[PDB]
Amino acid sequence: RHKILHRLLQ
Amino acid sequence: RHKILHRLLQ
Amino acid sequence: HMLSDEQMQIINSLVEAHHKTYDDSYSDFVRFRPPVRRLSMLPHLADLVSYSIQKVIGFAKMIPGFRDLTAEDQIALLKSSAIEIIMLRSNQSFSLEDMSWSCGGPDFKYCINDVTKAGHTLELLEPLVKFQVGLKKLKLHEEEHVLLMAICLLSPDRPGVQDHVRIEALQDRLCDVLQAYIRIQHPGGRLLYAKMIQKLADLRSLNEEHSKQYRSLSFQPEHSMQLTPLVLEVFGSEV
Amino acid sequence: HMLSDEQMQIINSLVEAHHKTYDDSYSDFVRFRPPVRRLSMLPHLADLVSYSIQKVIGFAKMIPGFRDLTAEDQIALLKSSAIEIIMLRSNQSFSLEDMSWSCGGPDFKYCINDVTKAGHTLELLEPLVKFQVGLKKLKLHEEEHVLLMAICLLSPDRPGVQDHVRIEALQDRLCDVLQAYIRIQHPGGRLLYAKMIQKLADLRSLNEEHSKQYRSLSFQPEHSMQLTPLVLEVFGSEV
Ligand SMILES: C=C1/C(=C\C=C2/CCC[C@]3(C)[C@@H]([C@@H](CCCC(C)(C)O)[C@@H]4C[C@H]4CCC(C)(C)O)CC[C@@H]23)C[C@@H](O)C[C@@H]1O
Ligand SMILES: C=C1/C(=C\C=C2/CCC[C@]3(C)[C@@H]([C@@H](CCCC(C)(C)O)[C@@H]4C[C@H]4CCC(C)(C)O)CC[C@@H]23)C[C@@H](O)C[C@@H]1O
């Protein structure tokens with residue numbers, strides 16, 4: 001999914 | 001999924 | 001006109017289960033991520049709620065009848081009643097004096113403003129404080145308390161239950177015990193059982209309000225990362 | 001025979017990015033779930049690793065070239081290099097004196113025995129301490145350190161990368177900068193760049209060992225609940 005990783009890369 | 005709930009119900 | 005042997009067993013079993021799962025000292029709170037006063041208190045409350053869910057599950061594991069339900073049914077009851085049982089058990093810490101949950105010193109005293117730094121709205125916190133005061137005033141015996149909790153958890157009208165007849169059968173046996181108890185053991189409570197069942201209808205509104213605001217939290221990935229895997233399993237929709 | 005303007009920019013950019021993302025005080029550790037000495041230290045280390053991942057991501061966001069990769073590529077590099085960059089940045093806290101990461105008093109001093117109460121094996125912790133000592137002895141400049149980190153992260157041989165040519169092009173430009181730096185700026189390092197590239201091959205074994213033991217942790221639901229959502233996203237296989 002990677003919802004958080006995407007968020008964390010502005 | 002509920003992996004943890006299943007575990008927590010012995 | 002007198003409590004039966006089977007009704008007394010149900011009360012012993014439930015009171016013990018509560019005692020085995022509620023630390024009146026709140027001593028384990030030093031293990032949670034410290035409270036801070038961008039959703040400042042959210043780490044600490046997520047740890048608090050996560051810890052509580054584990055105590056609720058342990059309590060439920062000991063409500064007579066609960067273990068024999070299918071694992072699907074057990075999960076369905078927990079996932080929906082979780083926040084309700086928490087608000088219910090949390091009344092033991094709510095103090096009428098300062099209108100706040102008092103679980104320690106200045107650190108673990110949760111007053112209305114702190115939960116605002118946890119992604120929830122001052123506006124919709126109104127009914128929760130109101131609920132806690134009216135319940136505090138009901139001055140419930142530990143038996144009525146533990147009984148009310150098991151009844152809340154055993155509601156057959158939860159999304160996901162399959163055996164809504166067995167769960168209904170369990171929940172009525174528990175109401176009988178409660179009406180009996182108040183009737184033969186709680187003087188002056190000619191109106192108390194209705195007052196208690198009213199509190200159950202309130203909890204569903206609270207449950208509803210919380211679901212709308214938690215969905216806002218779990219849809220923002222910078223806030224959900226502060227949650228715990230247990231919290232995300234319980235309040236998420238992966239059924 | 002002298003560093004170029006573009007090579008100097010890359011060094012400024014990387015050194016700053018490290019400084020912007022490495023708190024030499026370890027002052028935020030009081031926000032983690034306290035360390036305890038059934039996988040006693042696992043809460044604290046999961047918080048420690050989770051916090052670090054956020055600093056690694058911020059560093060990577062500032063490696064020149066990294067931002068222009070696809071988001072898929074950016075995720076692929078992070079998910080595989082994460083634990084490696086952590087072991088790398090963590091060398092700044094490793095002390096040769098007592099052979100432990102020293103991030104505070106008795107609380108945040110992580111010695112070999114504590115990580116054993118975190119689901120990992122004393123036996124496979126051997127190479128990690130060994131790696132940290134040999135790297136400590138390399139006495140790297142901050143430039144060589146930050147450079148080694150960006151090179152580790154930009155390896156085109158990670159599972160998931162699609163543009164393994166652009167990532168390779170970025171990683172070679174960074175190696176040139178490093179060889180130049182050691183060559184024109186680090187006296188006595190006639191053999192240092194090879195020593196540094198050797199450390200990169202070591203990290204892949206560490207990365208490998210950790211993946212086998214973390215899978216054991218994430219497959220036991222009572223241990224994974226102690227992890228953080230970021231940790232489970234990063235070290236899980238949901239690609
Ligand atoms: C939990 C316990 C205790 C205390 C329990 C508290 C006091 C602190 C605030 C808590 C945790 C409330 C909030 C839950 C937040 C959780 C996340 C962020 C995940 O949403 C609640 C959402 C708000 C407002 C309601 C409404 C607006 C309508 O949604 C529920 C129970 C409350 C103390 C002790 O007695 C042990 C007991 O187990
Ligand atoms: C992280 C940092 C710092 C310190 C970093 C430490 C010291 C404490 C131990 C840590 C966290 C190690 C373990 C990671 C555990 C994580 C979970 C449980 C999720 O698996 C590692 C698995 C073991 C052994 C290896 C092998 C057996 C081969 O797998 C990696 C980096 C280490 C301090 C400061 O310098 C900031 C810096 O960012």
# chains A, B, ... in the order shown; residues from 1 in each chain; ligands from 1
$ closest_atom_pairs --of "chain B" --to "chain C" --cutoff "7 Å" --atoms "only C-alpha atoms" --output "tab-separated table"
residue	atom	partner	partner_atom	distance
B:1	CA	C:238	CA	6.1
B:2	CA	C:233	CA	6.2
B:4	CA	C:230	CA	6.8
B:5	CA	C:75	CA	6.8
B:9	CA	C:61	CA	6.9
$ write_last_selection --atoms "N, CA, C and O atoms" --output "PDB file, in the first residue's frame"
ATOM      1  N   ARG B   1      -8.130  -8.499   8.000  1.00  0.00           N
ATOM      2  CA  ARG B   1      -7.153  -9.561   8.275  1.00  0.00           C
ATOM      3  C   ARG B   1      -7.352 -10.088   9.687  1.00  0.00           C
ATOM      4  O   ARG B   1      -7.754 -11.250   9.881  1.00  0.00           O
ATOM      5  N   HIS B   2      -7.066  -9.231  10.670  1.00  0.00           N
ATOM      6  CA  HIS B   2      -7.346  -9.487  12.087  1.00  0.00           C
ATOM      7  C   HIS B   2      -6.373 -10.478  12.707  1.00  0.00           C
ATOM      8  O   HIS B   2      -6.734 -11.227  13.615  1.00  0.00           O
ATOM      9  N   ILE B   4      -4.047  -9.958  14.770  1.00  0.00           N
ATOM     10  CA  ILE B   4      -3.806  -9.694  16.186  1.00  0.00           C
ATOM     11  C   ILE B   4      -5.019 -10.059  17.025  1.00  0.00           C
ATOM     12  O   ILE B   4      -4.884 -10.646  18.107  1.00  0.00           O
ATOM     13  N   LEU B   5      -6.220  -9.692  16.561  1.00  0.00           N
ATOM     14  CA  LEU B   5      -7.424 -10.031  17.305  1.00  0.00           C
ATOM     15  C   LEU B   5      -7.515 -11.530  17.508  1.00  0.00           C
ATOM     16  O   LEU B   5      -7.739 -11.991  18.631  1.00  0.00           O
ATOM     17  N   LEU B   9      -7.443 -13.535  21.250  1.00  0.00           N
ATOM     18  CA  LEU B   9      -8.458 -14.449  21.770  1.00  0.00           C
ATOM     19  C   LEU B   9      -7.881 -15.866  21.889  1.00  0.00           C
ATOM     20  O   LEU B   9      -8.292 -16.779  21.178  1.00  0.00           O
TER      21      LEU B   9
END
$ residues_near_ligand --ligand "ligand 1" --cutoff "6 Å" --atoms "only C-alpha atoms and all ligand atoms" --output "PyMOL selection string"
chain C and resi 42+45-46+49+52+86-87+89-90+92-93+101+110+115+118+120-121+124-125+128+206+209-210+214
$ calpha_fit_and_write --fixed "chain C" --moving "chain D" --output "PDB file with C-alpha atoms, in the first residue's frame"
ATOM      1  CA  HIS D   1     -37.398 -12.607  45.020  1.00  0.00           C
ATOM      2  CA  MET D   2     -33.812 -13.792  45.598  1.00  0.00           C
ATOM      3  CA  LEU D   3     -30.822 -14.260  43.291  1.00  0.00           C
ATOM      4  CA  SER D   4     -30.437 -17.736  41.848  1.00  0.00           C
ATOM      5  CA  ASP D   5     -27.353 -19.914  41.894  1.00  0.00           C
ATOM      6  CA  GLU D   6     -26.740 -19.440  38.174  1.00  0.00           C
ATOM      7  CA  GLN D   7     -27.246 -15.668  38.377  1.00  0.00           C
ATOM      8  CA  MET D   8     -24.775 -15.485  41.251  1.00  0.00           C
ATOM      9  CA  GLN D   9     -22.134 -17.415  39.275  1.00  0.00           C
ATOM     10  CA  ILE D  10     -22.481 -14.929  36.404  1.00  0.00           C
ATOM     11  CA  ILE D  11     -21.856 -12.062  38.820  1.00  0.00           C
ATOM     12  CA  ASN D  12     -18.833 -13.692  40.457  1.00  0.00           C
ATOM     13  CA  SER D  13     -17.388 -14.485  37.035  1.00  0.00           C
ATOM     14  CA  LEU D  14     -17.868 -10.956  35.775  1.00  0.00           C
ATOM     15  CA  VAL D  15     -16.651  -9.113  38.862  1.00  0.00           C
ATOM     16  CA  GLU D  16     -13.483 -11.192  38.973  1.00  0.00           C
ATOM     17  CA  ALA D  17     -12.860 -10.621  35.253  1.00  0.00           C
ATOM     18  CA  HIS D  18     -13.069  -6.882  35.782  1.00  0.00           C
ATOM     19  CA  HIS D  19     -10.662  -7.004  38.704  1.00  0.00           C
ATOM     20  CA  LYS D  20      -8.278  -9.136  36.679  1.00  0.00           C
ATOM     21  CA  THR D  21      -8.276  -6.490  33.915  1.00  0.00           C
ATOM     22  CA  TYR D  22      -8.608  -3.019  35.513  1.00  0.00           C
ATOM     23  CA  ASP D  23      -5.579  -1.532  37.267  1.00  0.00           C
ATOM     24  CA  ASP D  24      -7.042   1.089  39.601  1.00  0.00           C
ATOM     25  CA  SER D  25      -3.533   2.526  40.017  1.00  0.00           C
ATOM     26  CA  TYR D  26      -2.951   3.269  36.307  1.00  0.00           C
ATOM     27  CA  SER D  27       0.625   2.257  37.021  1.00  0.00           C
ATOM     28  CA  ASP D  28       1.311   0.896  33.489  1.00  0.00           C
ATOM     29  CA  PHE D  29       0.741   4.362  31.979  1.00  0.00           C
ATOM     30  CA  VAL D  30       4.448   5.148  32.382  1.00  0.00           C
ATOM     31  CA  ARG D  31       4.972   2.635  29.567  1.00  0.00           C
ATOM     32  CA  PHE D  32       2.910   4.703  27.119  1.00  0.00           C
ATOM     33  CA  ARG D  33       4.424   7.347  24.913  1.00  0.00           C
ATOM     34  CA  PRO D  34       4.432  10.417  27.142  1.00  0.00           C
ATOM     35  CA  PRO D  35       1.597  12.935  26.881  1.00  0.00           C
ATOM     36  CA  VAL D  36       2.449  16.317  25.390  1.00  0.00           C
ATOM     37  CA  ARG D  37       0.540  19.542  25.822  1.00  0.00           C
ATOM     38  CA  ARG D  38      -0.198  18.956  15.248  1.00  0.00           C
ATOM     39  CA  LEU D  39      -2.143  16.402  17.363  1.00  0.00           C
ATOM     40  CA  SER D  40       0.208  16.580  20.329  1.00  0.00           C
ATOM     41  CA  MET D  41      -1.561  14.066  22.644  1.00  0.00           C
ATOM     42  CA  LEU D  42      -2.330  11.551  19.858  1.00  0.00           C
ATOM     43  CA  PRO D  43       0.644   9.201  20.602  1.00  0.00           C
ATOM     44  CA  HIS D  44      -0.262   8.925  24.274  1.00  0.00           C
ATOM     45  CA  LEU D  45      -3.982   8.438  23.681  1.00  0.00           C
ATOM     46  CA  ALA D  46      -3.391   5.819  21.000  1.00  0.00           C
ATOM     47  CA  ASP D  47      -1.209   3.920  23.462  1.00  0.00           C
ATOM     48  CA  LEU D  48      -3.887   4.434  26.120  1.00  0.00           C
ATOM     49  CA  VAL D  49      -6.681   3.142  23.899  1.00  0.00           C
ATOM     50  CA  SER D  50      -4.481   0.299  22.628  1.00  0.00           C
ATOM     51  CA  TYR D  51      -3.720  -0.857  26.169  1.00  0.00           C
ATOM     52  CA  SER D  52      -7.442  -0.630  27.044  1.00  0.00           C
ATOM     53  CA  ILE D  53      -8.522  -2.747  24.050  1.00  0.00           C
ATOM     54  CA  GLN D  54      -6.253  -5.477  25.425  1.00  0.00           C
ATOM     55  CA  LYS D  55      -8.018  -5.276  28.810  1.00  0.00           C
ATOM     56  CA  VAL D  56     -11.459  -5.227  27.145  1.00  0.00           C
ATOM     57  CA  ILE D  57     -10.536  -8.361  25.142  1.00  0.00           C
ATOM     58  CA  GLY D  58      -9.431 -10.105  28.337  1.00  0.00           C
ATOM     59  CA  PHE D  59     -12.677  -9.145  30.072  1.00  0.00           C
ATOM     60  CA  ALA D  60     -14.746 -10.384  27.109  1.00  0.00           C
ATOM     61  CA  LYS D  61     -12.818 -13.673  27.097  1.00  0.00           C
ATOM     62  CA  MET D  62     -14.363 -14.251  30.543  1.00  0.00           C
ATOM     63  CA  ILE D  63     -17.993 -13.185  30.020  1.00  0.00           C
ATOM     64  CA  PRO D  64     -19.805 -16.546  30.233  1.00  0.00           C
ATOM     65  CA  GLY D  65     -20.987 -17.521  26.785  1.00  0.00           C
ATOM     66  CA  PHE D  66     -18.498 -15.351  24.882  1.00  0.00           C
ATOM     67  CA  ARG D  67     -15.802 -18.000  24.295  1.00  0.00           C
ATOM     68  CA  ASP D  68     -18.205 -20.380  22.550  1.00  0.00           C
ATOM     69  CA  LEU D  69     -19.125 -17.918  19.815  1.00  0.00           C
ATOM     70  CA  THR D  70     -17.311 -18.317  16.521  1.00  0.00           C
ATOM     71  CA  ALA D  71     -14.071 -16.373  16.215  1.00  0.00           C
ATOM     72  CA  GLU D  72     -15.764 -14.259  13.542  1.00  0.00           C
ATOM     73  CA  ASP D  73     -18.574 -13.402  15.968  1.00  0.00           C
ATOM     74  CA  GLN D  74     -16.098 -12.668  18.762  1.00  0.00           C
ATOM     75  CA  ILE D  75     -14.211 -10.272  16.495  1.00  0.00           C
ATOM     76  CA  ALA D  76     -17.432  -8.640  15.262  1.00  0.00           C
ATOM     77  CA  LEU D  77     -18.558  -7.793  18.805  1.00  0.00           C
ATOM     78  CA  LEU D  78     -15.133  -6.500  19.839  1.00  0.00           C
ATOM     79  CA  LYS D  79     -14.570  -4.315  16.748  1.00  0.00           C
ATOM     80  CA  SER D  80     -17.903  -2.511  17.187  1.00  0.00           C
ATOM     81  CA  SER D  81     -18.243  -2.365  20.977  1.00  0.00           C
ATOM     82  CA  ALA D  82     -14.573  -1.584  21.661  1.00  0.00           C
ATOM     83  CA  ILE D  83     -14.784   2.185  21.986  1.00  0.00           C
ATOM     84  CA  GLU D  84     -18.068   1.860  23.899  1.00  0.00           C
ATOM     85  CA  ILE D  85     -16.646  -0.521  26.503  1.00  0.00           C
ATOM     86  CA  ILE D  86     -13.667   1.842  26.849  1.00  0.00           C
ATOM     87  CA  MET D  87     -15.842   4.907  27.542  1.00  0.00           C
ATOM     88  CA  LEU D  88     -17.707   2.677  29.987  1.00  0.00           C
ATOM     89  CA  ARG D  89     -14.723   1.311  31.939  1.00  0.00           C
ATOM     90  CA  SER D  90     -13.089   4.756  31.873  1.00  0.00           C
ATOM     91  CA  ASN D  91     -15.856   6.074  34.143  1.00  0.00           C
ATOM     92  CA  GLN D  92     -14.023   4.591  37.133  1.00  0.00           C
ATOM     93  CA  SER D  93     -11.335   7.265  36.509  1.00  0.00           C
ATOM     94  CA  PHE D  94     -13.658  10.197  35.695  1.00  0.00           C
ATOM     95  CA  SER D  95     -13.821  12.651  38.595  1.00  0.00           C
ATOM     96  CA  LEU D  96     -16.831  14.896  39.077  1.00  0.00           C
ATOM     97  CA  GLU D  97     -14.661  17.378  40.975  1.00  0.00           C
ATOM     98  CA  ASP D  98     -12.548  18.656  38.072  1.00  0.00           C
ATOM     99  CA  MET D  99     -14.605  17.038  35.280  1.00  0.00           C
ATOM    100  CA  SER D 100     -11.648  15.045  33.982  1.00  0.00           C
ATOM    101  CA  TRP D 101     -10.263  11.519  33.923  1.00  0.00           C
ATOM    102  CA  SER D 102      -7.673  11.477  36.710  1.00  0.00           C
ATOM    103  CA  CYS D 103      -5.136   8.691  36.177  1.00  0.00           C
ATOM    104  CA  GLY D 104      -2.085  10.243  37.815  1.00  0.00           C
ATOM    105  CA  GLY D 105      -0.568  13.623  38.547  1.00  0.00           C
ATOM    106  CA  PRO D 106      -0.518  16.525  36.094  1.00  0.00           C
ATOM    107  CA  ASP D 107       0.677  14.002  33.506  1.00  0.00           C
ATOM    108  CA  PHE D 108      -2.182  11.450  33.345  1.00  0.00           C
ATOM    109  CA  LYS D 109      -5.008  13.888  34.133  1.00  0.00           C
ATOM    110  CA  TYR D 110      -6.941  14.033  30.865  1.00  0.00           C
ATOM    111  CA  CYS D 111      -9.213  17.063  30.745  1.00  0.00           C
ATOM    112  CA  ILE D 112     -11.400  18.145  27.835  1.00  0.00           C
ATOM    113  CA  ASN D 113      -8.750  20.310  26.220  1.00  0.00           C
ATOM    114  CA  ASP D 114      -6.101  17.596  25.870  1.00  0.00           C
ATOM    115  CA  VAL D 115      -8.214  15.238  23.740  1.00  0.00           C
ATOM    116  CA  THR D 116      -8.496  18.217  21.356  1.00  0.00           C
ATOM    117  CA  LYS D 117      -4.774  17.812  20.654  1.00  0.00           C
ATOM    118  CA  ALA D 118      -5.602  14.299  19.576  1.00  0.00           C
ATOM    119  CA  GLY D 119      -7.593  14.890  16.398  1.00  0.00           C
ATOM    120  CA  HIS D 120     -11.027  15.196  17.983  1.00  0.00           C
ATOM    121  CA  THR D 121     -13.299  18.204  18.193  1.00  0.00           C
ATOM    122  CA  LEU D 122     -14.124  20.230  21.285  1.00  0.00           C
ATOM    123  CA  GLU D 123     -17.664  20.353  19.849  1.00  0.00           C
ATOM    124  CA  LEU D 124     -18.229  16.603  19.721  1.00  0.00           C
ATOM    125  CA  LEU D 125     -16.484  15.947  23.030  1.00  0.00           C
ATOM    126  CA  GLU D 126     -19.580  17.523  24.656  1.00  0.00           C
ATOM    127  CA  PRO D 127     -21.689  14.319  24.769  1.00  0.00           C
ATOM    128  CA  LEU D 128     -18.788  12.279  26.113  1.00  0.00           C
ATOM    129  CA  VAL D 129     -18.250  14.402  29.199  1.00  0.00           C
ATOM    130  CA  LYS D 130     -22.036  14.596  29.606  1.00  0.00           C
ATOM    131  CA  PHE D 131     -22.267  10.807  29.378  1.00  0.00           C
ATOM    132  CA  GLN D 132     -19.545  10.359  32.007  1.00  0.00           C
ATOM    133  CA  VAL D 133     -21.254  12.721  34.471  1.00  0.00           C
ATOM    134  CA  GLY D 134     -24.695  11.152  34.192  1.00  0.00           C
ATOM    135  CA  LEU D 135     -23.139   7.737  34.646  1.00  0.00           C
ATOM    136  CA  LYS D 136     -21.039   8.860  37.592  1.00  0.00           C
ATOM    137  CA  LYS D 137     -24.258  10.122  39.180  1.00  0.00           C
ATOM    138  CA  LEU D 138     -25.972   6.766  38.673  1.00  0.00           C
ATOM    139  CA  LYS D 139     -23.656   5.534  41.500  1.00  0.00           C
ATOM    140  CA  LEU D 140     -23.565   1.992  40.140  1.00  0.00           C
ATOM    141  CA  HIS D 141     -22.447  -0.986  42.178  1.00  0.00           C
ATOM    142  CA  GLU D 142     -19.437  -2.831  40.795  1.00  0.00           C
ATOM    143  CA  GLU D 143     -21.885  -5.619  39.894  1.00  0.00           C
ATOM    144  CA  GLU D 144     -24.127  -3.241  37.927  1.00  0.00           C
ATOM    145  CA  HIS D 145     -21.049  -1.739  36.268  1.00  0.00           C
ATOM    146  CA  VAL D 146     -19.481  -5.028  35.203  1.00  0.00           C
ATOM    147  CA  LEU D 147     -22.970  -6.215  34.172  1.00  0.00           C
ATOM    148  CA  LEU D 148     -23.624  -3.137  32.056  1.00  0.00           C
ATOM    149  CA  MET D 149     -20.277  -3.662  30.316  1.00  0.00           C
ATOM    150  CA  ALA D 150     -21.028  -7.275  29.364  1.00  0.00           C
ATOM    151  CA  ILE D 151     -24.468  -6.270  28.166  1.00  0.00           C
ATOM    152  CA  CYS D 152     -23.040  -3.485  26.016  1.00  0.00           C
ATOM    153  CA  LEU D 153     -20.539  -5.855  24.459  1.00  0.00           C
ATOM    154  CA  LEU D 154     -23.117  -8.571  23.759  1.00  0.00           C
ATOM    155  CA  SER D 155     -25.397  -6.468  21.549  1.00  0.00           C
ATOM    156  CA  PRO D 156     -26.640  -8.568  18.591  1.00  0.00           C
ATOM    157  CA  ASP D 157     -27.092  -5.390  16.511  1.00  0.00           C
ATOM    158  CA  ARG D 158     -23.520  -4.961  15.513  1.00  0.00           C
ATOM    159  CA  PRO D 159     -22.384  -4.999  11.872  1.00  0.00           C
ATOM    160  CA  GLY D 160     -20.718  -8.357  11.276  1.00  0.00           C
ATOM    161  CA  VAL D 161     -22.421 -10.677  13.764  1.00  0.00           C
ATOM    162  CA  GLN D 162     -23.714 -13.875  12.154  1.00  0.00           C
ATOM    163  CA  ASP D 163     -25.280 -15.610  15.171  1.00  0.00           C
ATOM    164  CA  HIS D 164     -27.334 -12.585  16.266  1.00  0.00           C
ATOM    165  CA  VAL D 165     -29.692 -15.112  17.946  1.00  0.00           C
ATOM    166  CA  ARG D 166     -27.146 -16.728  20.293  1.00  0.00           C
ATOM    167  CA  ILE D 167     -25.622 -13.334  21.079  1.00  0.00           C
ATOM    168  CA  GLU D 168     -29.154 -12.075  21.762  1.00  0.00           C
ATOM    169  CA  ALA D 169     -29.802 -15.085  23.995  1.00  0.00           C
ATOM    170  CA  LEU D 170     -26.608 -14.330  25.930  1.00  0.00           C
ATOM    171  CA  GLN D 171     -27.436 -10.634  26.228  1.00  0.00           C
ATOM    172  CA  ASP D 172     -30.918 -11.263  27.677  1.00  0.00           C
ATOM    173  CA  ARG D 173     -29.653 -13.681  30.319  1.00  0.00           C
ATOM    174  CA  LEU D 174     -27.294 -10.866  31.370  1.00  0.00           C
ATOM    175  CA  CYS D 175     -30.158  -8.337  31.492  1.00  0.00           C
ATOM    176  CA  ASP D 176     -32.197 -10.711  33.648  1.00  0.00           C
ATOM    177  CA  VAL D 177     -29.257 -10.947  36.057  1.00  0.00           C
ATOM    178  CA  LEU D 178     -29.042  -7.178  36.103  1.00  0.00           C
ATOM    179  CA  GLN D 179     -32.760  -6.544  36.707  1.00  0.00           C
ATOM    180  CA  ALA D 180     -32.711  -9.177  39.433  1.00  0.00           C
ATOM    181  CA  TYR D 181     -29.613  -7.624  41.003  1.00  0.00           C
ATOM    182  CA  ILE D 182     -30.987  -4.076  41.071  1.00  0.00           C
ATOM    183  CA  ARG D 183     -34.338  -5.470  42.223  1.00  0.00           C
ATOM    184  CA  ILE D 184     -33.207  -7.660  45.132  1.00  0.00           C
ATOM    185  CA  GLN D 185     -29.888  -5.901  45.953  1.00  0.00           C
ATOM    186  CA  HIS D 186     -29.981  -2.144  45.103  1.00  0.00           C
ATOM    187  CA  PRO D 187     -32.366  -0.149  47.326  1.00  0.00           C
ATOM    188  CA  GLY D 188     -33.878   2.953  45.781  1.00  0.00           C
ATOM    189  CA  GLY D 189     -33.249   1.807  42.206  1.00  0.00           C
ATOM    190  CA  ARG D 190     -36.888   1.444  41.176  1.00  0.00           C
ATOM    191  CA  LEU D 191     -35.920   3.394  38.018  1.00  0.00           C
ATOM    192  CA  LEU D 192     -32.239   2.441  37.656  1.00  0.00           C
ATOM    193  CA  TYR D 193     -32.381  -0.348  35.052  1.00  0.00           C
ATOM    194  CA  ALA D 194     -34.135   1.952  32.588  1.00  0.00           C
ATOM    195  CA  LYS D 195     -31.586   4.670  33.370  1.00  0.00           C
ATOM    196  CA  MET D 196     -28.854   2.110  32.602  1.00  0.00           C
ATOM    197  CA  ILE D 197     -30.374   0.903  29.326  1.00  0.00           C
ATOM    198  CA  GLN D 198     -30.649   4.566  28.318  1.00  0.00           C
ATOM    199  CA  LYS D 199     -26.888   4.908  28.746  1.00  0.00           C
ATOM    200  CA  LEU D 200     -26.500   2.121  26.195  1.00  0.00           C
ATOM    201  CA  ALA D 201     -28.332   4.136  23.538  1.00  0.00           C
ATOM    202  CA  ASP D 202     -26.099   7.113  24.307  1.00  0.00           C
ATOM    203  CA  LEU D 203     -22.978   5.022  23.709  1.00  0.00           C
ATOM    204  CA  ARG D 204     -24.096   4.255  20.155  1.00  0.00           C
ATOM    205  CA  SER D 205     -24.132   7.967  19.354  1.00  0.00           C
ATOM    206  CA  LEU D 206     -20.682   8.335  20.906  1.00  0.00           C
ATOM    207  CA  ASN D 207     -19.547   5.269  18.941  1.00  0.00           C
ATOM    208  CA  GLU D 208     -20.974   6.927  15.841  1.00  0.00           C
ATOM    209  CA  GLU D 209     -19.305  10.311  16.424  1.00  0.00           C
ATOM    210  CA  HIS D 210     -15.979   8.649  17.114  1.00  0.00           C
ATOM    211  CA  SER D 211     -16.142   6.555  13.943  1.00  0.00           C
ATOM    212  CA  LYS D 212     -16.572   9.678  11.810  1.00  0.00           C
ATOM    213  CA  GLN D 213     -13.614  11.429  13.447  1.00  0.00           C
ATOM    214  CA  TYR D 214     -11.336   8.425  13.626  1.00  0.00           C
ATOM    215  CA  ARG D 215     -11.922   7.878   9.896  1.00  0.00           C
ATOM    216  CA  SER D 216     -10.573  11.389   9.404  1.00  0.00           C
ATOM    217  CA  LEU D 217      -7.518  10.378  11.433  1.00  0.00           C
ATOM    218  CA  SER D 218      -6.932   7.069   9.663  1.00  0.00           C
ATOM    219  CA  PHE D 219      -7.250   8.692   6.229  1.00  0.00           C
ATOM    220  CA  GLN D 220      -4.398  11.139   6.887  1.00  0.00           C
ATOM    221  CA  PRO D 221      -1.233   8.995   6.764  1.00  0.00           C
ATOM    222  CA  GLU D 222       0.704  11.392   9.027  1.00  0.00           C
ATOM    223  CA  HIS D 223      -1.768  10.819  11.833  1.00  0.00           C
ATOM    224  CA  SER D 224      -2.353   7.094  11.371  1.00  0.00           C
ATOM    225  CA  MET D 225       1.390   6.430  11.697  1.00  0.00           C
ATOM    226  CA  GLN D 226       0.974   7.582  15.323  1.00  0.00           C
ATOM    227  CA  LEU D 227      -1.647   4.872  15.924  1.00  0.00           C
ATOM    228  CA  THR D 228      -0.867   1.322  17.006  1.00  0.00           C
ATOM    229  CA  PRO D 229      -1.416  -1.820  14.896  1.00  0.00           C
ATOM    230  CA  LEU D 230      -4.040  -3.023  17.405  1.00  0.00           C
ATOM    231  CA  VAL D 231      -5.915   0.276  17.185  1.00  0.00           C
ATOM    232  CA  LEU D 232      -5.819   0.157  13.398  1.00  0.00           C
ATOM    233  CA  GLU D 233      -7.056  -3.445  13.372  1.00  0.00           C
ATOM    234  CA  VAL D 234      -9.866  -2.723  15.818  1.00  0.00           C
ATOM    235  CA  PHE D 235     -11.188   0.589  14.462  1.00  0.00           C
ATOM    236  CA  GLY D 236     -10.413  -0.112  10.818  1.00  0.00           C
ATOM    237  CA  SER D 237     -12.749  -1.693   8.296  1.00  0.00           C
ATOM    238  CA  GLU D 238     -10.818  -4.798   7.162  1.00  0.00           C
ATOM    239  CA  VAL D 239     -13.613  -7.243   8.082  1.00  0.00           C
TER     240      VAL D 239
END
$ select_by_dssp --residues "chain B" --states "alpha helix (DSSP H)" --output "ChimeraX atom specification"
/B:3-8
$ write_last_selection --atoms "N, CA and C atoms" --output "CSV table (one decimal), in the first residue's frame"
chain,number,residue,atom,x,y,z
B,3,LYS,N,-5.1,-10.5,12.2
B,3,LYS,CA,-4.1,-11.4,12.8
B,3,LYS,C,-4.1,-11.2,14.3
B,4,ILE,N,-4.0,-10.0,14.8
B,4,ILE,CA,-3.8,-9.7,16.2
B,4,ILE,C,-5.0,-10.1,17.0
B,5,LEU,N,-6.2,-9.7,16.6
B,5,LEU,CA,-7.4,-10.0,17.3
B,5,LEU,C,-7.5,-11.5,17.5
B,6,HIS,N,-7.3,-12.3,16.4
B,6,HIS,CA,-7.3,-13.8,16.6
B,6,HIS,C,-6.3,-14.2,17.6
B,7,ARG,N,-5.0,-13.7,17.6
B,7,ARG,CA,-4.1,-14.1,18.6
B,7,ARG,C,-4.6,-13.7,20.0
B,8,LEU,N,-5.1,-12.5,20.1
B,8,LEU,CA,-5.5,-12.1,21.5
B,8,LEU,C,-6.6,-12.9,22.1
$ atom_distance --atom1 "CA of residue 10 (chain A)" --atom2 "atom 38 (O, counted along the ligand's line) of ligand 2"
20.8 Å
